[PDB]
Amino acid sequence: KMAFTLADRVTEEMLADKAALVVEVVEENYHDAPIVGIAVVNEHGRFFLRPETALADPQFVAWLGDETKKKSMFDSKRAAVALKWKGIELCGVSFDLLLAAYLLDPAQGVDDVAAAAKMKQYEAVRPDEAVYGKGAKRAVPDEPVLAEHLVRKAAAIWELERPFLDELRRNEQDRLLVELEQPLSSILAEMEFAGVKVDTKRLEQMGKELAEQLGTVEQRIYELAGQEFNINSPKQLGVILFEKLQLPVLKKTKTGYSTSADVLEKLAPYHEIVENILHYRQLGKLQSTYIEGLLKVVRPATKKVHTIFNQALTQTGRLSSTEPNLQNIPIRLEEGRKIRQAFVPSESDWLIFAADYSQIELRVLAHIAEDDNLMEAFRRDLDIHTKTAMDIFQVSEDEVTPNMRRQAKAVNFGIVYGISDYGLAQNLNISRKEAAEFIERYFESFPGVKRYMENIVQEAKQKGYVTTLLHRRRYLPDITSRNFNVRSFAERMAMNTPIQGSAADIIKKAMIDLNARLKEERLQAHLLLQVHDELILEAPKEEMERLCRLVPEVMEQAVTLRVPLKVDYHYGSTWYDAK
DNA sequence: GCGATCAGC
DNA sequence: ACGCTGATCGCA
Ligand SMILES: Nc1nc2c(ncn2[C@H]2C[C@H](O)[C@@H](COP(=O)(O)OP(=O)(O)OP(=O)(O)O)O2)c(=O)[nH]1
Ligand SMILES: [Ca+2]
């Protein structure tokens, strides 16, 4: 019902200088995953190619790797990484329909070509789920069915580039696609393929020690409980805490008693068992998610873990990281932080180098809000988190601990993103009127921040969306909802998205600038991870001194704001040591 | 499969 | 009743 050549060999007319290209990888995790078929649509026709022939054809491989032969694709990072695992380089991607759809409207949740095509009233293509099936029934269909699907997806991409580019241009997002997200996709593909090396001997020994400590704590909980029970069972735990031990009920869930850590911490004066339950959970969290989970995904022959950075998922323009998530490796408690000792350089005599933007969203907010006092604070290189901790806990600078500062951090961001007196009082364990007067004092010091938050909510109502500094967009239909609670969540999104999203814009530009600089200096150093406002690299030890000057400078100069950007950086023989 | 929970930013 | 996430696991 769509014509195409089911080709047995590659021909010259398949190798035009512009084409839509589909390199199909069906497995969710595309690392070392099979390529099940290829389609090309260009000015000369539509073609389906079997990968075992196309990817062993030297002319097709050369075409793939020629940056002057332009390809339009959907999720080009998936194809590039899968091809890297086949020993093949993909260059010349000039249009990525996934990233274009994501910029136009992140809320569509576009996960396949059919979903993107629907945005422009193109429906001559099926959803991938309809072709491949779900769950245990998922399967590559018969070749004529597969080939037509890949050809229809390629035809859709061929047709849709122009209407997507037109709307991107109207939104002031066409350079955001072509000069930011598409170049970033290639950099992320390199990062994911490189992977991070793991010291599995250390992780395994940590897991054995964790298991013993878990037993010791488990028994102590049984003794304090007077009985043995399933500590992981909410119904049993709730019974033990709030029926057998008769502890106060401070909070309920939709199905029973809450036992979240904030509740447990508040019950510490009443019974020693609650702090043991906290210790028990934290140990089990390390064991399940970061020892066992990481060992499950390490590639045994190389001892590398290969995350996938989802570039078209979050509603603010951040990345997310999956299987494993390398953006939430423990750091705040000392026993958890030691997991980072298992993240090592991939070569001998290389080291890990980490750099982080200082107080990034507050600096962005100062610029965007043009708050005279907040701008002056960063022009003085003040630490606003430390300043707030001094005021909260009524201490001097010298006596601010790592945990007090992390708590003042939640107060700072809470207040500028709409926390209520109730929420603030519940976080600082202070009276509600003390919380409300602190918030009032806060906005007396930063009245330009308060004005900005009022103005941006009105702007979201008037336009229907908010934007970031590099013109990322988020629609907020609920901002005019009649329901107070629905409308309120949308107002806090209007407050937060331009700030968090602009910080996401800045680090993405920094990554592109950094790679260009590393190439220009002919350095072996390369990116391994991004953690929202942090970049992690590895490099030969002989490159560290040059990197200490290079990397902070590129990051600091990525954009020019009304306040300085500041970068903290460290290096060491493991990720643990790079701080 | 979902919701609570908790690890990060 | 600040925002943005992903993984685990019991299921009231
Ligand atoms: N709404 C909200 N955003 C947060 C929170 N924690 C972190 N973020 C966002 C905003 C932060 O500026 C950004 C980077 O987080 P960091 O932990 O690195 O803190 P920040 O850069 O502000 O300070 P620092 O690096 O310690 O000088 O991530 C939070 O509790 N609430
Ligand atoms: Ca930071």
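Letters A, B, ... mirror the listed sequences (proteins, then strands); counts begin at 1. Just so it is clear, the values below take in all heavy atoms, side chains as well, and ignore hydrogens, waters and symmetry mates.
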Whole-Å gap separating [atom2] ([N]) and [atom1] ([X]):
X	N	atom1	atom2	value
A/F242	C/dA12	CZ	P	18 Å
A/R318	B/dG8	CZ	P	14 Å
A/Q530	B/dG8	CD	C1'	12 Å
A/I231	C/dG10	CD1	P	12 Å
A/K252	B/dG3	NZ	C1'	18 Å
A/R472	C/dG3	CZ	P	20 Å
A/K296	C/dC9	NZ	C1'	11 Å
A/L237	B/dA4	CG	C1'	12 Å

For [X], answer base if it contacts any base atom (sugar-phosphate contacts may also be present), sugar-phosphate if it contacts only those atoms, and nothing otherwise; contact means non-hydrogen atoms under 4.0 Å.
X	result
A/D421	nothing
A/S488	nothing
A/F489	sugar-phosphate
A/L313	sugar-phosphate
A/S258	sugar-phosphate
A/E361	nothing
A/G256	base
A/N328	base
A/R337	nothing

Closer than 4.0 Å, any side-chain N/O of [X] to the OP1 or OP2 of [N]?
X	N	result
A/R492	C/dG3	yes
A/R474	C/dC4	yes
A/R332	B/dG8	yes
A/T255	B/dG3	no
A/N485	C/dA1	yes
A/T322	C/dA7	no

Measure from the side chain of [X], starting at C-beta and using heavy atoms only, and say which of [options] lies closest.
X	options	value
A/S420	B/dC6, C/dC2, C/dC4	C/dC2
A/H532	B/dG8, C/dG6, C/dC2	B/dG8
A/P330	B/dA7, C/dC2, B/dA4	B/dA7
A/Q282	C/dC9, C/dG10, B/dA7	B/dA7
A/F413	B/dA4, C/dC2, C/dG3	C/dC2
A/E323	C/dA7, C/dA12, C/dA1	C/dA7
A/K235	B/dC6, C/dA12, C/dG6	C/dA12
A/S320	C/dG6, C/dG3, C/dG10	C/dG6
A/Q500	B/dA4, C/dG3, C/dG10	C/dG3
A/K251	C/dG10, B/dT5, C/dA12	B/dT5

Is [X] atom [atom1] crowded by more than 12 heavy atoms from other residues, nucleotides or ligands, each under 6.0 Å away?
X	atom1	answer
A/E272	CD	no
A/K244	NZ	yes
A/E275	CD	no

Check your understanding: Taking the same atom, P, in B/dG3 and in C/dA1, what whole-Å distance lies between them?
Key -> 15 Å
Practice item. Measure the spacing between CG of A/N373 and CD of A/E444 and express it to the nearest 0.5 Å. Key: 11.5 Å
Check your understanding: If you measure from CD1 on A/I240 to CD1 on A/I221, what distance do you get to the nearest 0.5 Å?
Key -> 11.0 Å
Exercise for review: Tell whether A/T289 reaches the base of C/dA7 with its side chain through a donor-acceptor pair below 3.5 angstrom.
Suggested key: no
Check your understanding: Does A/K508 use its side chain to pair, donor to acceptor, with the backbone of A/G317 at less than 3.5 Å?
Key -> yes
Exercise for review: Assess the side chains of A/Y102 and A/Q311: does a donor N or O sit below 3.5 Å from an acceptor N or O?
Suggested key: no
**Study point:** Donor-acceptor pair between A/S502 and A/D505 side chains, under 3.5 angstrom
**Key:** no
Exercise for review: Determine, answering yes or no, if A/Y422 is stacked on C/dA1 under the 5.5 Å centre rule and the 30° plane rule.
Suggested key: yes
Check your understanding: DNA chain C: A/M493 or A/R432, which has the more 5' nearest nucleotide?
Key -> A/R432
